[PDB]
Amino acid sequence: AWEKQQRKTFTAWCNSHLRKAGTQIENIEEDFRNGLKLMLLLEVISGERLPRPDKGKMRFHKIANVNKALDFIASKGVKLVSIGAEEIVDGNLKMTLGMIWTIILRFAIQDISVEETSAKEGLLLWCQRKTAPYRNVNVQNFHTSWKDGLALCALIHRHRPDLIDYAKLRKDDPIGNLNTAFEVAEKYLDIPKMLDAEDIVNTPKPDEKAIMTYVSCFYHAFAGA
C-alpha cells in the first residue's frame, strides 16, 4: 500500500515542477532511467544549472546522467545510501521512490523553519498553528490526522475563507471533504492533485511521506502570499 501512494504522489509532485520546463513523466519507474528528466527536475527545483547531459542512448550514458543527478544531490548535504545509478537506470521502483523522497525532503521540506522547529517537525507545527481554531480538527501527525479531510480543508480555510464553506463540512463525509480540498487547491492554488481520496480514507495509516509531500505544497503556496 505504501508503494501505490508514493508512486502516485511522488509522480504528481515531480510533474508539478517539470511542467515549468515544458515536460512531464507518466511512469516514475521508467521515465527517469535515462537521467534526463531527473537532471531537469533538479534544475527546476534548485534554480541552479547542473552539468550538461551526455550525448548518446547507450546504457553507460544513462548511468553518467543519473550520476550527475546523484552527485548534485550529494553536494547538497544529502547522504545517499544504497542508491546506485545502475539500479536507477536498469529499473528499481523502490530505489527510485527512495531517491525521489530524498529530493522532496531536501528541497521542499528540510529548510522549513517555524518557531525554532525545522523540517518535518516544523511543517507539522505550522499545520497545527493554522488549524488550531478548528475544533473538529486535531493535527498530531502526517497520517491518521488527515484521513477525514477536515485538516486540509481547515488549512485552506485559514488562509482563504472565501474558498471553502467550512461550516458545511461533516466528519462523516471524508471522501467529499478530501475532494473538496483537492479541487480547490488545484483550481485556485495551482497545487496539482497528488493524493487519492479512496486510499487516504481506507488505509488504516496513510503514507506520511506522500502526505508530507502534498502538504509541503500548501506551505510554499501560502508562504509566498
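All residue numbers are counted from 1 along the displayed sequence.
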Exercise. Do the CA atoms of 155-163 or those of 39-47 have the higher mean B-factor in the entry?
Worked result: 155-163
For this session: Could you check which stretch, 21-29 or 204-212, carries the larger mean CA temperature factor in the entry?
Result: 21-29
Exercise. What's the residue among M58, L70, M194, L178 with the greatest CA temperature factor in the PDB record?
Worked result: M58
For this session: From the list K147, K79, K94, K120, select the residue with the highest C-alpha B factor recorded in the entry.
Result: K79
For this session: Can you work out whether the C-alpha temperature factor of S113 puts it in the lowest, middle or highest third of the chain?
Result: middle
For this session: Taking the values exactly as deposited, rank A85 by C-alpha B-factor within its chain and report the matching third: lowest, middle or highest.
Result: highest
Exercise. In terms of the chain's CA B-factor thirds, is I104 lowest, middle or highest?
Worked result: lowest
Seminar exercise, completed: Assert third(CA B-factor, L169) within chain per record equals highest
Exercise. Based on the entry's values, in what third of the chain does the Cα temperature factor of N136 lie: lowest, middle or highest?
Worked result: highest
